[PDB]
>>> print(open('entry-v9.txt').read())   # compact mmCIF, N, CA, C and O atoms
# COMPACT_ATOMS: atom_id res chain seq x y z
N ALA H 1 172.22 151.82 57.90
CA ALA H 1 173.68 152.06 58.02
C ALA H 1 174.49 150.87 57.48
O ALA H 1 173.97 149.76 57.35
N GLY H 2 175.76 151.11 57.15
CA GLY H 2 176.73 150.10 56.69
C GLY H 2 177.56 149.52 57.85
O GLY H 2 177.09 149.44 58.99
N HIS H 3 178.79 149.08 57.55
CA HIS H 3 179.75 148.54 58.53
C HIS H 3 181.21 148.79 58.15
O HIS H 3 181.97 149.39 58.92
N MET H 4 181.61 148.35 56.95
CA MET H 4 182.95 148.53 56.36
C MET H 4 182.91 148.61 54.82
O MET H 4 183.48 149.54 54.25
N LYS H 5 182.27 147.64 54.15
CA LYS H 5 182.06 147.65 52.69
C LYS H 5 180.84 148.50 52.31
O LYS H 5 179.89 148.63 53.08
N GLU H 6 180.86 149.02 51.08
CA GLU H 6 179.77 149.77 50.45
C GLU H 6 179.34 149.09 49.14
O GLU H 6 178.23 148.57 49.06
N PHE H 7 180.22 149.08 48.13
CA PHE H 7 179.96 148.42 46.84
C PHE H 7 180.30 146.92 46.87
O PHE H 7 181.45 146.53 47.07
N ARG H 8 179.27 146.08 46.68
CA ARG H 8 179.39 144.61 46.59
C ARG H 8 179.67 144.11 45.17
O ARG H 8 179.33 144.80 44.20
N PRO H 9 180.24 142.90 45.01
CA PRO H 9 180.52 142.31 43.70
C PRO H 9 179.23 141.94 42.95
O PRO H 9 178.30 141.36 43.52
N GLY H 10 179.15 142.31 41.67
CA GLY H 10 178.02 142.06 40.79
C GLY H 10 176.90 143.10 40.88
O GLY H 10 176.00 143.11 40.04
N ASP H 11 176.93 143.99 41.89
CA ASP H 11 175.98 145.09 42.04
C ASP H 11 176.01 145.99 40.80
O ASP H 11 177.08 146.43 40.35
N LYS H 12 174.83 146.27 40.24
CA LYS H 12 174.65 147.16 39.09
C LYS H 12 174.92 148.61 39.50
O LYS H 12 174.17 149.20 40.28
N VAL H 13 176.01 149.18 38.98
CA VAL H 13 176.44 150.55 39.28
C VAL H 13 176.65 151.36 37.99
O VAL H 13 176.92 150.79 36.93
N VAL H 14 176.52 152.68 38.05
CA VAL H 14 176.80 153.60 36.93
C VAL H 14 178.21 154.16 37.05
O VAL H 14 178.60 154.70 38.09
N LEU H 15 178.98 154.04 35.97
CA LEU H 15 180.31 154.62 35.86
C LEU H 15 180.57 155.14 34.44
O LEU H 15 180.78 154.34 33.53
N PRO H 16 180.48 156.46 34.19
CA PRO H 16 180.75 157.04 32.88
C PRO H 16 182.25 156.98 32.49
O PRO H 16 183.10 156.82 33.37
N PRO H 17 182.59 157.13 31.19
CA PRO H 17 181.67 157.34 30.06
C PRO H 17 180.90 156.08 29.62
O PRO H 17 179.96 156.19 28.83
N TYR H 18 181.24 154.90 30.16
CA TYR H 18 180.56 153.62 29.90
C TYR H 18 179.05 153.68 30.22
O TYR H 18 178.22 153.18 29.46
N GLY H 19 178.71 154.30 31.36
CA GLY H 19 177.34 154.53 31.84
C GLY H 19 176.79 153.40 32.71
O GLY H 19 175.88 153.62 33.51
N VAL H 20 177.32 152.18 32.58
CA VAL H 20 176.99 151.01 33.40
C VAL H 20 178.24 150.15 33.59
O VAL H 20 179.00 149.95 32.65
N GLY H 21 178.43 149.61 34.80
CA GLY H 21 179.50 148.69 35.16
C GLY H 21 179.08 147.78 36.32
O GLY H 21 178.06 148.01 36.97
N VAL H 22 179.88 146.75 36.59
CA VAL H 22 179.70 145.83 37.72
C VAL H 22 181.02 145.69 38.48
O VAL H 22 182.09 145.57 37.88
N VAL H 23 180.95 145.76 39.81
CA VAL H 23 182.11 145.58 40.69
C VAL H 23 182.52 144.10 40.70
O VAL H 23 181.65 143.23 40.72
N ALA H 24 183.82 143.79 40.71
CA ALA H 24 184.35 142.43 40.74
C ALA H 24 184.87 142.02 42.13
O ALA H 24 184.57 140.93 42.61
N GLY H 25 185.62 142.91 42.80
CA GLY H 25 186.15 142.70 44.15
C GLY H 25 187.10 143.80 44.60
O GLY H 25 187.45 144.70 43.83
N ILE H 26 187.52 143.74 45.87
CA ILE H 26 188.46 144.68 46.48
C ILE H 26 189.89 144.26 46.14
O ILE H 26 190.42 143.30 46.71
N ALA H 27 190.52 144.98 45.21
CA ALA H 27 191.92 144.79 44.83
C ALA H 27 192.79 145.86 45.51
O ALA H 27 192.65 147.05 45.25
N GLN H 28 193.69 145.45 46.40
CA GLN H 28 194.64 146.36 47.04
C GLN H 28 195.86 146.65 46.15
O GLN H 28 196.64 145.74 45.82
N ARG H 29 196.03 147.92 45.74
CA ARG H 29 197.17 148.42 44.95
C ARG H 29 198.26 149.03 45.85
O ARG H 29 197.95 149.77 46.78
N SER H 30 199.52 148.75 45.51
CA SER H 30 200.73 149.27 46.17
C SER H 30 201.21 150.57 45.51
O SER H 30 201.84 150.53 44.45
N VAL H 31 200.90 151.72 46.11
CA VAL H 31 201.27 153.07 45.63
C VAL H 31 201.69 153.94 46.82
O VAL H 31 201.15 153.78 47.91
N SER H 32 202.63 154.88 46.65
CA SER H 32 203.09 155.79 47.73
C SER H 32 203.62 155.06 48.98
O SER H 32 203.59 155.58 50.10
N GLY H 33 204.10 153.82 48.82
CA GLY H 33 204.54 152.93 49.90
C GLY H 33 203.41 152.42 50.82
O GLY H 33 203.69 151.92 51.91
N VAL H 34 202.14 152.55 50.41
CA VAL H 34 200.94 152.16 51.15
C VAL H 34 200.00 151.32 50.28
O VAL H 34 199.76 151.62 49.11
N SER H 35 199.48 150.22 50.84
CA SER H 35 198.49 149.40 50.15
C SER H 35 197.10 150.01 50.34
O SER H 35 196.64 150.14 51.48
N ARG H 36 196.42 150.38 49.25
CA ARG H 36 195.05 150.94 49.29
C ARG H 36 194.10 150.05 48.52
O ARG H 36 194.41 149.61 47.41
N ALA H 37 192.94 149.78 49.11
CA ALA H 37 191.88 149.01 48.48
C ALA H 37 191.16 149.81 47.38
O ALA H 37 190.82 150.98 47.56
N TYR H 38 190.91 149.14 46.26
CA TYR H 38 190.23 149.68 45.09
C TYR H 38 189.26 148.66 44.51
O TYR H 38 189.63 147.52 44.22
N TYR H 39 187.99 149.05 44.34
CA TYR H 39 186.99 148.21 43.69
C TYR H 39 187.36 148.00 42.22
O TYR H 39 187.35 148.96 41.44
N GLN H 40 187.73 146.78 41.84
CA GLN H 40 188.01 146.41 40.45
C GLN H 40 186.68 146.38 39.69
O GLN H 40 185.89 145.45 39.86
N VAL H 41 186.38 147.41 38.89
CA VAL H 41 185.18 147.43 38.04
C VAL H 41 185.48 146.75 36.70
O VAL H 41 186.61 146.79 36.23
N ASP H 42 184.48 146.13 36.06
CA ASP H 42 184.59 145.53 34.73
C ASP H 42 183.37 145.91 33.87
O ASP H 42 182.23 145.89 34.34
N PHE H 43 183.62 146.28 32.61
CA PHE H 43 182.59 146.74 31.66
C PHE H 43 182.55 145.82 30.42
O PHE H 43 183.61 145.36 29.97
N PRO H 44 181.37 145.58 29.82
CA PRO H 44 181.26 144.75 28.61
C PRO H 44 181.87 145.44 27.38
O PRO H 44 182.08 146.65 27.34
N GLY H 45 182.17 144.64 26.34
CA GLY H 45 182.76 145.07 25.07
C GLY H 45 184.29 145.24 25.08
O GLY H 45 184.91 145.29 24.01
N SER H 46 184.92 145.31 26.26
CA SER H 46 186.38 145.46 26.46
C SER H 46 186.83 144.82 27.79
O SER H 46 186.04 144.19 28.49
N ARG H 47 188.12 144.98 28.15
CA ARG H 47 188.72 144.53 29.43
C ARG H 47 189.11 145.69 30.35
O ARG H 47 189.72 145.47 31.40
N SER H 48 188.75 146.92 29.96
CA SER H 48 188.95 148.13 30.76
C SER H 48 188.37 147.96 32.16
O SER H 48 187.32 147.34 32.36
N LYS H 49 189.09 148.51 33.13
CA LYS H 49 188.76 148.50 34.55
C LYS H 49 189.08 149.86 35.17
O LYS H 49 190.06 150.51 34.79
N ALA H 50 188.26 150.27 36.11
CA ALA H 50 188.41 151.52 36.85
C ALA H 50 188.59 151.20 38.33
O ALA H 50 187.71 150.60 38.95
N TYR H 51 189.73 151.56 38.91
CA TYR H 51 190.02 151.34 40.32
C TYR H 51 189.37 152.43 41.19
O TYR H 51 189.90 153.53 41.31
N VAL H 52 188.22 152.13 41.78
CA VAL H 52 187.46 153.10 42.60
C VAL H 52 187.91 153.05 44.07
O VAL H 52 187.91 151.96 44.65
N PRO H 53 188.29 154.19 44.69
CA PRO H 53 188.75 154.23 46.08
C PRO H 53 187.64 153.86 47.07
O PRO H 53 186.53 154.39 47.00
N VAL H 54 187.96 153.00 48.05
CA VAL H 54 187.02 152.63 49.13
C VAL H 54 186.77 153.75 50.15
O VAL H 54 185.73 153.76 50.81
N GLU H 55 187.69 154.71 50.28
CA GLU H 55 187.56 155.86 51.19
C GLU H 55 186.52 156.89 50.72
O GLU H 55 185.77 157.43 51.53
N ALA H 56 186.48 157.15 49.41
CA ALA H 56 185.56 158.09 48.78
C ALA H 56 185.03 157.56 47.43
O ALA H 56 185.35 158.11 46.37
N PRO H 57 184.17 156.52 47.42
CA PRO H 57 183.68 155.93 46.18
C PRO H 57 182.72 156.86 45.43
O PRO H 57 182.68 156.87 44.20
N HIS H 58 181.98 157.71 46.15
CA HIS H 58 181.10 158.73 45.56
C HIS H 58 181.87 159.94 45.00
O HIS H 58 181.37 160.61 44.09
N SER H 59 183.09 160.22 45.49
CA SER H 59 183.94 161.36 45.06
C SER H 59 184.29 161.30 43.57
O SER H 59 184.22 162.31 42.87
N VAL H 60 184.62 160.10 43.06
CA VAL H 60 184.88 159.87 41.62
C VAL H 60 183.62 160.01 40.75
O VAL H 60 183.71 160.18 39.53
N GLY H 61 182.42 159.97 41.35
CA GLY H 61 181.12 160.01 40.68
C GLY H 61 180.43 158.64 40.53
O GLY H 61 179.52 158.51 39.71
N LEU H 62 180.86 157.61 41.27
CA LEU H 62 180.24 156.28 41.27
C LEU H 62 178.89 156.33 42.02
O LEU H 62 178.83 156.76 43.18
N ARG H 63 177.80 155.88 41.37
CA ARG H 63 176.45 155.75 41.95
C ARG H 63 175.85 154.37 41.66
O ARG H 63 176.26 153.70 40.71
N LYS H 64 174.88 153.94 42.46
CA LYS H 64 174.13 152.68 42.24
C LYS H 64 173.13 152.88 41.10
O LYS H 64 172.41 153.88 41.08
N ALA H 65 173.11 151.95 40.15
CA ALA H 65 172.12 151.97 39.07
C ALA H 65 170.74 151.52 39.61
O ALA H 65 170.61 151.10 40.76
N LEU H 66 169.72 151.58 38.76
CA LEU H 66 168.37 151.10 39.07
C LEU H 66 167.72 150.51 37.81
O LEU H 66 167.95 150.99 36.70
N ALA H 67 166.89 149.48 37.99
CA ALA H 67 166.10 148.85 36.92
C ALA H 67 164.58 149.09 37.12
O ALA H 67 164.15 149.39 38.24
N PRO H 68 163.77 148.97 36.06
CA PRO H 68 162.31 149.07 36.13
C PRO H 68 161.66 147.86 36.84
O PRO H 68 162.33 146.91 37.23
N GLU H 69 160.34 147.91 36.99
CA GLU H 69 159.52 146.88 37.67
C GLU H 69 158.65 146.09 36.67
O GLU H 69 158.79 144.87 36.56
N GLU H 70 157.76 146.77 35.93
CA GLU H 70 156.90 146.22 34.86
C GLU H 70 157.71 145.61 33.69
O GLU H 70 158.46 146.36 33.01
>>> encode(input="entry-v9.txt", output="structure tokens")
Amino acid sequence: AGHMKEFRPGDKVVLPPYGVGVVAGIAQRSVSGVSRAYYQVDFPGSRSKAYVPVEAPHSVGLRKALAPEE
């Protein structure tokens, strides 16, 4: 089980159309008169970022990546 956070900074995650990204930190955005936390993602080759909701991070299609062993 968890506690409050799910996605940690530097954790290898999949986010299309890029296919791979890394979380940077919890950035709270001011929208609808309410501050909401969003995982600031960063991808190589550009400065593009995707603000993933902390309430439903799997709803957008965010999953944990995996690497081989050998």
>>> residues_around(input="entry-v9.txt", residues="residue 10 in chain H", least_positions_apart="4", cutoff="7 Å", atoms="only C-alpha atoms", output="JSON, numbers by chain")
{"H": [22, 23, 24]}
>>> closest_residue(input="entry-v9.txt", among="H:58, H:28, H:1, H:20", to="residue 45 in chain H", atoms="only C-alpha atoms")
H:20
>>> axis_aligned_box(input="entry-v9.txt", around="range 34-48 of chain H", padding_each_side="3 Å", output="AutoDock Vina command-line options")
--center_x 191.7 --center_y 148.4 --center_z 37.7 --size_x 26.9 --size_y 14.4 --size_z 33.5
>>> closest_residue(input="entry-v9.txt", among="H:21, H:49, H:13, H:54", to="residue 36 in chain H", atoms="all atoms listed in the file")
H:54
>>> atom_distance(input="entry-v9.txt", atom1="CA of residue 26 in chain H", atom2="CA of residue 61 in chain H")
18.0 Å
>>> atom_distance(input="entry-v9.txt", atom1="CA of residue 48 in chain H", atom2="CA of residue 67 in chain H")
23.7 Å
>>> closest_residue(input="entry-v9.txt", among="H:65, H:33, H:56, H:25", to="residue 9 in chain H", atoms="all atoms listed in the file")
H:25
>>> closest_residue(input="entry-v9.txt", among="H:55, H:6, H:69, H:42", to="residue 18 in chain H", atoms="only C-alpha atoms")
H:42
>>> atom_distance(input="entry-v9.txt", atom1="atom O of residue 66 in chain H", atom2="CA of residue 38 in chain H")
23.8 Å
>>> select_by_dssp(input="entry-v9.txt", residues="chain H", states="strand (DSSP E)", output="list in words")
residues 12, 13, 14, 21, 22, 23, 24, 25, 26, 27, 28, 29, 30, 31, 34, 35, 36, 37, 38, 39, 40, 41, 42, 51, 52, 53, 63 and 64 of chain H
>>> closest_residue(input="entry-v9.txt", among="H:31, H:52, H:41, H:57", to="residue 11 in chain H", atoms="only C-alpha atoms")
H:41
